[PDB]
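Q: Structure in structure tokens, see below.
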Amino acid sequence: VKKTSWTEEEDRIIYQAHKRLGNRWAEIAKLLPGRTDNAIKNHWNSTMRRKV
């Protein structure tokens, strides 16, 4: 399932924030603790793509 990757629970935060701010990883990354723009950006634009 998972071991060294983005957790579904963490994704909850990215989704909630992204739904309001959009692709504003600049802020979502700052709001998150040990996360970065690049990390969230590439993660979302790969995993969180075919959401629907």
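Simple scheme: letters A, B, ... for chains in structure tokens order, numbers from 1 for residues in each chain, numbers from 1 for ligands in the order shown.
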Which neighbours of residue 32 in chain A fall inside 10 Å, counting only C-alpha atoms, when residues of the same chain fewer than 6 positions from it are skipped, and could you give them as a list in words?
A: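 Within the cut-off, the hits are residues 10, 13, 14, 25 and 40 of chain A.
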Q: Could those selected residues go to a file with N, CA, C and O atoms, as a compact mmCIF listing (two decimals), in the first residue's frame?
A:
```txt
# COMPACT_ATOMS: atom_id res chain seq x y z
N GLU A 10 -2.73 13.00 4.38
CA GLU A 10 -2.04 14.23 4.03
C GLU A 10 -2.69 14.84 2.79
O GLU A 10 -2.91 16.05 2.73
N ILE A 13 -5.43 17.38 3.15
CA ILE A 13 -5.06 18.78 3.36
C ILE A 13 -4.82 19.45 2.01
O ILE A 13 -5.30 20.57 1.78
N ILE A 14 -4.07 18.78 1.12
CA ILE A 14 -3.76 19.33 -0.19
C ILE A 14 -5.06 19.60 -0.95
O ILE A 14 -5.20 20.63 -1.57
N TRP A 25 0.53 26.12 -4.71
CA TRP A 25 1.44 25.34 -3.88
C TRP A 25 2.33 26.27 -3.07
O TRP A 25 2.83 25.89 -2.02
N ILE A 40 4.73 18.87 -3.63
CA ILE A 40 3.28 18.85 -3.78
C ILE A 40 2.90 18.97 -5.25
O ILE A 40 2.01 18.28 -5.72
```
Q: Rounded to one decimal, what separation in Å do you get between CA of residue 30 in chain A and CA of residue 50 in chain A?
A: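 Computed distance, CA of residue 30 in chain A to CA of residue 50 in chain A, equals 25.2 Å.
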Q: So which one's closest to residue 45 in chain A, A:7, A:23, A:2, A:12? Using only C-alpha atoms, please.
A: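 Using only C-alpha atoms, the shortest distance to residue 45 in chain A belongs to A:23.
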Q: Using only C-alpha atoms, which protein or nucleic acid residues come within 12 Å of residue 8 in chain A? Drop anything in the same chain fewer than 6 positions from it, and give the result as a PDB file with N, CA, C and O atoms, in the first residue's frame.
A:
```pdb
ATOM      1  N   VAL A   1       0.848  -1.206   0.000  1.00  0.00           N
ATOM      2  CA  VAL A   1       0.000   0.000   0.000  1.00  0.00           C
ATOM      3  C   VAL A   1       0.881   1.252   0.000  1.00  0.00           C
ATOM      4  O   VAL A   1       1.037   1.894  -1.036  1.00  0.00           O
ATOM      5  N   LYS A   2       1.460   1.591   1.162  1.00  0.00           N
ATOM      6  CA  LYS A   2       2.335   2.749   1.294  1.00  0.00           C
ATOM      7  C   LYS A   2       3.429   2.435   2.312  1.00  0.00           C
ATOM      8  O   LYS A   2       3.288   1.509   3.110  1.00  0.00           O
ATOM      9  N   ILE A  14      -4.070  18.785   1.124  1.00  0.00           N
ATOM     10  CA  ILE A  14      -3.758  19.332  -0.190  1.00  0.00           C
ATOM     11  C   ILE A  14      -5.056  19.597  -0.946  1.00  0.00           C
ATOM     12  O   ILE A  14      -5.199  20.634  -1.571  1.00  0.00           O
ATOM     13  N   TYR A  15      -5.998  18.650  -0.881  1.00  0.00           N
ATOM     14  CA  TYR A  15      -7.275  18.772  -1.566  1.00  0.00           C
ATOM     15  C   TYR A  15      -8.075  19.947  -1.009  1.00  0.00           C
ATOM     16  O   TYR A  15      -8.530  20.796  -1.769  1.00  0.00           O
ATOM     17  N   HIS A  43       3.680  15.734  -7.178  1.00  0.00           N
ATOM     18  CA  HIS A  43       2.834  14.694  -6.610  1.00  0.00           C
ATOM     19  C   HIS A  43       1.411  14.829  -7.141  1.00  0.00           C
ATOM     20  O   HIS A  43       0.843  13.860  -7.653  1.00  0.00           O
ATOM     21  N   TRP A  44       0.832  16.029  -7.013  1.00  0.00           N
ATOM     22  CA  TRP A  44      -0.527  16.271  -7.458  1.00  0.00           C
ATOM     23  C   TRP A  44      -0.618  16.096  -8.971  1.00  0.00           C
ATOM     24  O   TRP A  44      -1.522  15.423  -9.454  1.00  0.00           O
ATOM     25  N   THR A  47      -0.479  12.038  -9.442  1.00  0.00           N
ATOM     26  CA  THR A  47      -1.409  11.203  -8.701  1.00  0.00           C
ATOM     27  C   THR A  47      -2.804  11.833  -8.725  1.00  0.00           C
ATOM     28  O   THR A  47      -3.761  11.211  -9.185  1.00  0.00           O
ATOM     29  N   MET A  48      -2.913  13.071  -8.224  1.00  0.00           N
ATOM     30  CA  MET A  48      -4.187  13.776  -8.151  1.00  0.00           C
ATOM     31  C   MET A  48      -4.498  14.438  -9.494  1.00  0.00           C
ATOM     32  O   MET A  48      -4.642  15.659  -9.573  1.00  0.00           O
TER      33      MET A  48
END
```
Q: Give the alpha helix (DSSP H) residues of chain A, as assigned by DSSP on the backbone, as a VMD selection string.
A: chain A and resid 8 to 21 25 to 31 37 to 44
Q: Give the answer as one residue: which of A:16, A:6, A:21, A:49 has the shortest atom-to-atom distance to residue 34 in chain A, using only C-alpha atoms?
A: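 The shortest atom-to-atom distance to residue 34 in chain A comes from A:6.
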Q: Enter the distance from CA of residue 17 in chain A to CA of residue 46 in chain A, in Å, rounded to one decimal.
A: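 Computed distance, CA of residue 17 in chain A to CA of residue 46 in chain A, equals 17.7 Å.
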